[PDB]
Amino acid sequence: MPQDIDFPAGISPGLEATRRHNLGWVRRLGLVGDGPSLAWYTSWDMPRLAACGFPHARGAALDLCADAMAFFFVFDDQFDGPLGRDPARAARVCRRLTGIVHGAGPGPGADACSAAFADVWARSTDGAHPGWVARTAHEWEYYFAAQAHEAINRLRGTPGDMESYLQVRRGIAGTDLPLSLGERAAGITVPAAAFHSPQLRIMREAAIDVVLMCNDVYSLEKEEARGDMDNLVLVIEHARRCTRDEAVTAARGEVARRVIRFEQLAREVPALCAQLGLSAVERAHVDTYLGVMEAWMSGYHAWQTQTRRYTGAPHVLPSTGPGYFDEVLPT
């Protein structure tokens, strides 16, 4: 049981203000309607996810974090239905979103997902360093393009091997986008010389893996009944021919060894900055980047233990029907 499994240095003070902003935003954009969908959305507590996962974000930066999360979660659930069993259709819908990434704004009257994404993306890139924009644009492309491969795997009905699981799951989980968002919301720019160090590249990959694997464990109940295949627990069980409990234990171990690797490498970061001759301001941005990665790991988990999304989904949206009350994504 998820309540019996365990794997924040702060919480953003803007939580309550962002709750108010984000409630108006999802309704204004058409991303969340009224009634069941609104109560269900509210029960996820996207503001607390933003405030725990991005504690460096203040003011309008935290608003952006919560709106981005709102997009991720609402868009994600649109595939818990016929769309997630139709890879060609999923690929076409996600090509629409990808065009927004690379410059083709959707125009007035676009669907709610396209309009919400375009707003998040415009706010994200406004004033951002061009190196951040290029990298994050490609991160978005991977996220959108990976959804159809999850659908392919659902039709296959067997989990992939570990390598193929990671390739699909890292994409559909949002790849490095949460860390790009946290960097942007903290107002920092990681110097490229530090960003591409072996230590920080390994740490970034480890942090993203830790969070998606923690999600795999806690979201297994709602996913397994829908025929989802890109979940670490299912992958381990299938590869090892072990019991469910043995697979959960192994999944905890995949998380733990990555946290250990991350923390071992984090100890080298001061020396790395000195070897590169980074300025004091550059070193301060690297230090904040370390905190951003640390807070995504600890803050995501703090959120998922109190949200109603995972305990509630099997009861309010059973696997015998779609995983949404309203269609907001035209296919």
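All residue numbers refer to positions in the sequence shown, first residue = 1.
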Deposited residues lacking coordinates between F7 and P8 (none, 1 to 3, 4 to 9, 10 or more): 4 to 9
Could you settle it for me: does 133 to 141 or 108 to 116 have the higher average Cα B factor in the PDB entry? 108 to 116
If you average the Cα B factors in the entry, which is higher, 181 to 189 or 204 to 212? 181 to 189
Member of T288, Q275, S279, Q306 with the greatest C-alpha B factor (per the PDB record): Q306
Specify which of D34, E294, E263, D67 carries the largest Cα B factor in the deposited PDB entry. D34
Using only modelled residues of the chain, where does the Cα B factor of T98 rank: lowest third, middle third or highest third? middle
Chain-relative C-alpha B factor for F79 (record values, thirds): the lowest
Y218 - Cα temperature factor, lowest/middle/highest third of chain: highest
Name the third of the chain's ranked CA B-factors that contains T243, choosing lowest, middle or highest. highest
Using the B-factor values recorded in the entry, state whether the Cα atom of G127 falls in the lowest, middle or highest third among the modelled residues of its chain. highest
